[PDB]
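Just the one chain here, the form deposited in one PDB entry, laid out as structure tokens.
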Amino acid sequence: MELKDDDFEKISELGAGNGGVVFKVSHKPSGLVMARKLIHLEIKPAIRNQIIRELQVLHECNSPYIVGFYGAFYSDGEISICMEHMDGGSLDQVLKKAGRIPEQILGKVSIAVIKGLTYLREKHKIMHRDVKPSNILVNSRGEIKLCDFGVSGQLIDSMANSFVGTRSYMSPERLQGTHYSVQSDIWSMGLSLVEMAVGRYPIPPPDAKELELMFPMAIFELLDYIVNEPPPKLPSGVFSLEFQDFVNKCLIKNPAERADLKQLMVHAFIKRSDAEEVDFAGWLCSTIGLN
């Protein structure tokens, strides 16, 4: 069935970012619980019809690594996108509580992210454009899923003005110009894994002293660090060398030299992690407190 504003009822607010707020809602006619994301745009009706039009391709997104989609519409000045409610929230929220995320678990996260990007490229000819821990959602069934990928050109265009004035997961090439594509997602995945693995945004790297204890920056300063100074890496010894190599292959500054999805799919770390027996669902609930 078609979704519309009056058929919904707010339960609670799940969080907000730059340019969007997300509610946990009840869709009254079905009784289903959903996550309704609102993007406040005031923009000419002509193009906001185009946006809703372009967003309908998410009905063709069926994948165990992509958040389910229920529908998209326009309301009182707001674009609504209604997704599956992921009761374990995002990986940035999970890292927040967990402090630091185990390597074995990150292994399963990498598999989900890799297969996720693969589906999007294969079945839809699109890159993600915003891979970061807040955009990898998990739930009590143990499923790890991507959302907030860029399906609509007009939306991408209509949002270009804002962005994050700190912490960038953008690749060096994206920061420097318009010449980027799927490879740029590999960089963001790499950076996200390092963050989750260590427990804080990895730029700048920790001191020798900050490291042993473990185990603000200005905009141009941070960006200049991403572009010119050597990429971040996993501290030696306390992560397997397969995992270190894995992130190293993701964090190569040159997009063509950098590993791609097909190569990462067969990396020793993924191959090791595919075999591993991990109660992800159990680890999730036991850390963030669910059932």
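Under this definition, the rigid core comprises the largest set of C-alpha atoms superposing within 1.5 Å between the forms. One rule holds for the numbers: they count along the sequence shown, beginning at 1.
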Which class describes the count of deposited residues lacking coordinates between residue 215 and residue 216: none, 1 to 3, 4 to 9, or 10 or more? 10 or more
Select between 178-186 and 161-169 the stretch whose C-alpha atoms have the higher average B-factor in the entry. 161-169
Entry-level comparison of average CA B-factors, 129-137 and 77-85, reporting the higher stretch: 77-85
Identify, among 240, 254, 263, 26, the residue whose C-alpha carries the highest B-factor in the deposited PDB entry. 240
Which one of 41, 66, 55, 250 shows the biggest C-alpha B-factor in the PDB entry? 41
Would you mind checking where the Cα B-factor of residue 147 ranks among the modelled residues of its chain, as the lowest, middle or highest third? lowest
Assigned third (lowest, middle, highest) for the C-alpha B factor of residue 109: lowest
Temperature factor at the Cα of residue 259, chain-ranked in thirds, falls in the lowest
Would you check the entry's CA temperature factor for residue 202 and let me know if it's in the chain's lowest, middle or highest third? middle
By its CA B factor, does residue 116 count among the lowest, middle or highest third of the modelled residues in the chain? lowest
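Same protein, other form: the form deposited in another entry, not shown, and the subject of what follows.
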Which single residue of 102, 165, 204, 99, after superposing the core, moves its CA by 2 Å or more between this form and the one not shown? 165
Shift of residue 80 between this form and the one not shown at or above 2 Å (CA, core fit): no
C-alpha of residue 114 off by 2 Å or more between this form and the one not shown on rigid core: no
Against the rigid core, is the Cα displacement of residue 132 between this form and the one not shown at least 2 Å? no
Just say closer or farther for the C-alpha distance from residue 168 to residue 234 in that other deposited form, relative to the shown form; it changes by 3 Å or more. farther
Between residue 151 and residue 80, do the C-alpha atoms lie closer or farther in that other deposited form than in the shown form, with a difference of 3 angstroms or more? closer
